[PDB]
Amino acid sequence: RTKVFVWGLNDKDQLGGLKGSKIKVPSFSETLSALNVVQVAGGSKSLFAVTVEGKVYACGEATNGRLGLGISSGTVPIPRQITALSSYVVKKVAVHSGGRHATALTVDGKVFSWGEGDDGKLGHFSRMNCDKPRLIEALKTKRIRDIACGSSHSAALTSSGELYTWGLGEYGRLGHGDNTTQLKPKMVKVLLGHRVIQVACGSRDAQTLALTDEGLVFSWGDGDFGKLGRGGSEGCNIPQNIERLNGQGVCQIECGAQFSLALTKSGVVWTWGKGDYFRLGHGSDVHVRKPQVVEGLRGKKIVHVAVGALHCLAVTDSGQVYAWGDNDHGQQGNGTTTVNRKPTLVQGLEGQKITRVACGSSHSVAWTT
């Protein structure tokens, strides 16, 4: 039994069967709690859930086929199972908080893609849309360990440590030393010799983060608002080390909308990037062009984080959920629509020992195990 809670925007029923359009307090999803989930993932007005059995369920807005259910217009108000993947045990589903395509990774290392195919982000040597998933053929001989998706590009890394990127090339988000759109997954040659263990991808004029088993954080791509973390605002298409995070023992990285977040093994959260609408959690909406510790969580051991477009959610070791950022749609979960300029404790989840959070564009998930 894994209790699941949802809140935020619900205009396209992306919360999965709740009434109203601004769910401003976390709310028990009867539909998702029943699925017994191991992961939830939030895309643009979309929700995805991976069950313990390996099944994938989606719901929300169906435009651009972003849900993989074979339709590509309308809304799916109750979570429905992605039938194309029933023969495969899905480990993880990757989707950006403002994304219109996703990928799903199976336990046997296979990778599928579906949704908006623009800029070749699906990986199929083409810019076709896929209304249902489709096996990324160019990765078949590679045991894939993790996957990530921005809004215009996608990544995947292998168990041997090599990182692949594909998709929109512009502003160097792929990391290949030019700005050429890649329609196939291509190896980031610069990061060879490092064992890459995570990767995160941004939306719009996108950044990309990478993490090696030595705790080294690489960033590249577009650099507006200093989301590359190395000051100023100059992009680049070659991975560069974010020197500040070195030795800090960073273990999770994520990319919201024009900002970057890292969490350390010691429970510290670092954010930087675009400041507007308090998405960084520093009490002010200025841009932060070199990674800063979120002071509002000093001494609270954050064990999990999730970023949406304009909000973040952090989980303490003791099952508490903090939030910060924008609240036009209740996604802060403080019962109002008032912005959370600093990390604020989330209402109505007392006694629920939350272990994982996930976010979408304007929606939030907390769940247990």
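Sequential numbering from 1, following the sequence displayed.
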Check: Taking the recorded C-alpha temperature factors, which stretch has the higher mean, 208 to 216 or 184 to 192?
Finding: 184 to 192
Next item on the list: Would you mind comparing 159 to 167 and 227 to 235 for me and telling me which has the higher average C-alpha temperature factor in the entry?
Entry: 159 to 167
Checklist line | Top residue by Cα temperature factor, when 154, 87, 198, 264 are compared in the entry | finding: 87
Item checked: Which of 173, 282, 80, 101 ranks first by CA B-factor in the deposited coordinates -> 80
Next item on the list: Could you tell me which third, lowest, middle or highest, the C-alpha B-factor of residue 55 occupies within its chain?
Entry: highest
Notebook entry, point to check: What third of its chain, lowest, middle or highest, does the C-alpha temperature factor of residue 326 fall into?
Noted result: lowest
Notebook entry, point to check: Hey, what third does residue 287 fall into on Cα B-factor, ranked over its chain?
Noted result: lowest
Notebook entry, point to check: Among the modelled residues of its chain, does the C-alpha B-factor of residue 40 lie in the lowest, middle or highest third?
Noted result: lowest
Next item on the list: Determine, from the deposited record, the chain-internal third of the Cα B-factor for residue 178: lowest, middle or highest.
Entry: highest
